[PDB]
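Chains as they are written, first to last, in this note's numbering: chain A, 1 to 76; chain B, 1 to 186; chain C, 1 to 59.
Working notes, structure below.
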Amino acid sequence: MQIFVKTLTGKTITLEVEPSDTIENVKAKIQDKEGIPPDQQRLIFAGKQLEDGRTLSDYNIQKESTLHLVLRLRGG
Amino acid sequence: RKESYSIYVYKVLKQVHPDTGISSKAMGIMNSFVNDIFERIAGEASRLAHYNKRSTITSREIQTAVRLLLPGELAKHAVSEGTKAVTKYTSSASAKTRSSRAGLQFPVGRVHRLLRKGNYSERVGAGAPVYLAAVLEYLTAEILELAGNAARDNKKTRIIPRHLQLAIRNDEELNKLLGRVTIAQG
Amino acid sequence: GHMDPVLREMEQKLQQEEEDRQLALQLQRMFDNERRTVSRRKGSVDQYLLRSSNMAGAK
Numbered sequence: 001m002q003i004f005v006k007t008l009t010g011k012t013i014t015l016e017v018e019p020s021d022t023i024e025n026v027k028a029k030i031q032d033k034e035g036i037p038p039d040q041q042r043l044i045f046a047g048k049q050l051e052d053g054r055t056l057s058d059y060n061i062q063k064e065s066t067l068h069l070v071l072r073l074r075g076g
Numbered sequence: 001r002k003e004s005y006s007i008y009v010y011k012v013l014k015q016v017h018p019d020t021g022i023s024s025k026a027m028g029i030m031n032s033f034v035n036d037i038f039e040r041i042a043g044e045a046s047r048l049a050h051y052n053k054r055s056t057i058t059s060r061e062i063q064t065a066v067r068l069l070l071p072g073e074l075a076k077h078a079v080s081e082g083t084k085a086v087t088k089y090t091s092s093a094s095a096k097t098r099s100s101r102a103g104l105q106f107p108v109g110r111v112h113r114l115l116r117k118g119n120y121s122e123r124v125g126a127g128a129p130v131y132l133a134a135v136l137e138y139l140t141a142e143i144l145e146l147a148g149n150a151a152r153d154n155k156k157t158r159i160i161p162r163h164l165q166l167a168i169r170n171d172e173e174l175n176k177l178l179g180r181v182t183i184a185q186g
Numbered sequence: 001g002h003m004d005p006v007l008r009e010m011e012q013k014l015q016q017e018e019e020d021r022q023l024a025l026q027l028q029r030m031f032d033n034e035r036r037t038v039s040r041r042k043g044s045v046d047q048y049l050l051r052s053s054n055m056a057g058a059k
């Protein structure tokens, strides 16, 4: 299964993941593509926020899906 | 060559011109360029520190060394690059990463470690690696842009060592900087 | 392409894409609000510096 991740800048990156893959795993993959910390990245599906501890299957995401990227702002 | 800036240079090429690409050999050459520049600047900065009797190296020492190594046009632009990098670093409030806080593609933290490892000085500042890092990124982008122009002249979209060498020899400014450096010759 | 189904798909996809972007924008704005610093109007261009530059010509 493959999914497309778009960002607020207007950029799109293809990503290959399975329904059992966790969001946290996806965060690390994004860090490799962008070079941005995974904590500072937010993934949304159908305009709904996504939890790192939750899996793709939890949000009922099938093949060919679009996810939007947002930036987390925290002082750690 | 010692470090792995092949990935970093690739990113610069994408922002400067997505159409034009770079060969794997060309990337390696750029890596050696970074190492060569680092050594020359590092030694020059260390000498300045001794003159000022300052163990800790700062942006001020690097700034003087940068101007001496870079031609007139390049030197002026270099000042804005390093100065802004320091300002951006200082401007950022929340950020635990040196590179992220500075906003530089090249590993800012790695540069700081290299300066200390070189045993040039007992202590190294934070604004110094940031300043130097900004200069290195500028040089990388400038070389790639010039190479693209030569590539277009040769009806080629990909950048090769021949293009890189041609671009350097096409401008006296870079030639002076690389006067003591040979890309590849018998 | 006589059928040109891409145009129909783009219109539908754009509506859903903008929906996510709008919601995403709100999260981005809310996170920035937490910082306590809010700007009225901001705009800047980030590009690699060059020895020569020509402002004339727009782009």
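All C-beta atoms, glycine included, are put in the ideal place defined by N, C-alpha and C.
Candidates the options, of which the one nearest residue i by Cα
i              : options                       : result
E24 (chain A)  : A:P37, A:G10, A:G53           : A:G53
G21 (chain B)  : B:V66, B:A167, B:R158, B:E173 : B:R158
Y120 (chain B) : B:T90, B:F38, B:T83           : B:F38
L69 (chain A)  : C:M55, C:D20, C:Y48, C:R35    : C:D20
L27 (chain C)  : A:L50, A:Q31, A:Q62, A:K27    : A:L50
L15 (chain A)  : A:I3, A:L43, A:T66            : A:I3
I44 (chain A)  : A:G10, A:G76, A:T66, A:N60    : A:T66
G10 (chain A)  : C:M30, C:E17, C:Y48, C:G57    : C:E17
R72 (chain A)  : C:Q12, C:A24, C:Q15           : C:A24
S53 (chain C)  : B:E145, B:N154, B:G186        : B:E145
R47 (chain B)  : B:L104, B:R60, B:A102         : B:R60
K14 (chain B)  : C:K59, C:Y48, C:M55           : C:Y48
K155 (chain B) : B:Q185, B:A45, B:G186, B:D19  : B:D19
Neighbourhood of residue i by C-beta distance below 8 Å, restricted to the same chain and skipping five residues each side
i              : result
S6 (chain B)   : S24, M27, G28, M30, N31
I143 (chain B) : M30, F33, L164, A167, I168, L174
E18 (chain A)  : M1, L56
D32 (chain C)  : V38
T12 (chain A)  : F4, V5, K6
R67 (chain B)  : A75, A78, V79
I41 (chain B)  : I62, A65, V66, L69, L132, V135
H17 (chain B)  : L144, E145, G148
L104 (chain B) : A85, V130, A133, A134, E137
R1 (chain B)   : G28, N31, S32, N35
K176 (chain B) : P71
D171 (chain B) : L146
Cβ of residue i within 8 Å of any chain C Cβ
i              : result
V12 (chain B)  : yes
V9 (chain B)   : no
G53 (chain A)  : no
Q15 (chain B)  : yes
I44 (chain A)  : yes
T66 (chain A)  : yes
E142 (chain B) : yes
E145 (chain B) : yes
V70 (chain A)  : yes
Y138 (chain B) : yes
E81 (chain B)  : yes
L8 (chain A)   : yes
7 Å CB neighbourhood of residue i in its chain, flanking five on each side removed
i              : result
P129 (chain B) : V108, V111, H112, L115
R123 (chain B) : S55, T56
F106 (chain B) : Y5, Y8, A133, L136, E137
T58 (chain B)  : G125, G127, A128
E81 (chain B)  : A134, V135, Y138
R101 (chain B) : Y89, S92, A95
Extent of the continuous alpha helix (DSSP H) to which residue i belongs
i              : result
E137 (chain B) : 127–153
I44 (chain A)  : That residue, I44 (chain A), is in no alpha helix (DSSP H); its beta strand (DSSP E) goes 41–45.
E34 (chain C)  : 5–34
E73 (chain B)  : 72–91
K11 (chain B)  : 6–16
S100 (chain B) : 98–102
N52 (chain B)  : Note, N52 (chain B): premise wrong, no alpha helix (DSSP H); not H, not E.
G118 (chain B) : Run containing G118 (chain B): none; DSSP gives neither H nor E here.
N175 (chain B) : 172–177
Beta carbon proximity, residue i to chain B, threshold 8 Å
i             : result
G75 (chain A) : yes
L50 (chain C) : yes
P37 (chain A) : yes
Minimum Cβ-Cβ distance from residue i to chain A less than 8 Å
i                     : result
residue 187 (chain B) : The structure shown does not extend to residue 187 (chain B), since chain B spans only 1 to 186, so no value can be given for it.
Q47 (chain C)         : no
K155 (chain B)        : no
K76 (chain B)         : no
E9 (chain C)          : no
residue 88 (chain C)  : Residue numbering for chain C in the displayed model covers 1 to 59; residue 88 (chain C) lies beyond these limits and cannot be assessed.
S94 (chain B)         : yes
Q28 (chain C)         : yes
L25 (chain C)         : yes
Where the beta strand (DSSP E) through residue i begins and ends
i             : result
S65 (chain A) : 65–71
According to DSSP, residues forming a beta bridge with residue i
i              : result
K6 (chain A)   : A:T12, A:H68
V124 (chain B) : B:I57
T22 (chain A)  : A:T55
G21 (chain B)  : B:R158
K48 (chain A)  : A:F45
Contact test: residue i Cβ vs the ligand MG heavy atom, cutoff 7 Å
i             : result
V16 (chain B) : The ligand MG is absent from the structure shown, which contains no ligand whatsoever.
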